[PDB]
Amino acid sequence: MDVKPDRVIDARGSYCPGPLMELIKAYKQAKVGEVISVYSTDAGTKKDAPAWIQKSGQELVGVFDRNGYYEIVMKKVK
């Protein structure tokens, strides 16, 4: 995605992680052609995170790391 998106998206232990929705709820925060960066720790959003944007309507970004807190990015494309 825009990985260069500027937004507030972080989920700690939200599975999908729990933040899996942080994206879907992000698309509403951002706008098409935009990007948003999310994070988590549950290590679930890493898999779902890339699913939130799928519905959110933002570009599919790439950002996954399980060192303390995961996160995902999405380029608003609604």
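Read-outs: derived from the displayed coordinates by stated rules, not from any lab. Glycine also receives a Cβ, built like all others from the backbone with ideal geometry; neighbour counts cover every protein chain displayed.
Below, the figures for the structure above:
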item	result
Some residue of the range 17-31 being surrounded by fewer than 22 Cβ atoms within 10 Å (Cβ to Cβ), under 13 Å from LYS76 (Cα atoms) and without any contact (Cβ under 8 Å) to a residue 24 or more places away in the chain	yes
Residue that is farthest from the chain's Cα centre (by Cα) [pool: residues in the range 34-43 that are polar (S, T, N, Q) and assigned to a strand (DSSP E or B)]	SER40
Condition broken by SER14, with the remaining ones in (1) among the small types (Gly, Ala, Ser); (2) in a helix (DSSP H, G or I); (3) free of Cβ contacts under 8 Å to residues at least 40 places away in the same chain satisfied	(2)
Residues of the range 37-53 classified as under 16 Å from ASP2 (Cα atoms) and either without any contact (Cβ under 8 Å) to a residue 12 or more places away in the chain or among the β-branched types (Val, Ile, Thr) (or both), total	2
Count of the range 61-78 residues which are buried (at least 20 other Cβ atoms within 10 Å of the Cβ) and either within 17 Å of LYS47 (Cβ to Cβ) or without any contact (Cβ under 8 Å) to a residue 12 or more places away in the chain (or both)	6
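Yes/no per residue for (1) among the hydroxyl-bearing types (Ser, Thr, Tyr); (2) touching a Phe, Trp or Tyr at 6+ places or on another chain (Cβ under 8 Å); (3) part of a loop (DSSP other than H, G, I, E, B); (4) within 17 Å of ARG12 (Cβ to Cβ):
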{"site": "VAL32", "(1), (2), (3), (4)": "no, no, yes, no"}
{"site": "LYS46", "(1), (2), (3), (4)": "no, yes, no, yes"}
{"site": "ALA49", "(1), (2), (3), (4)": "no, yes, no, yes"}
{"site": "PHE64", "(1), (2), (3), (4)": "no, yes, yes, yes"}
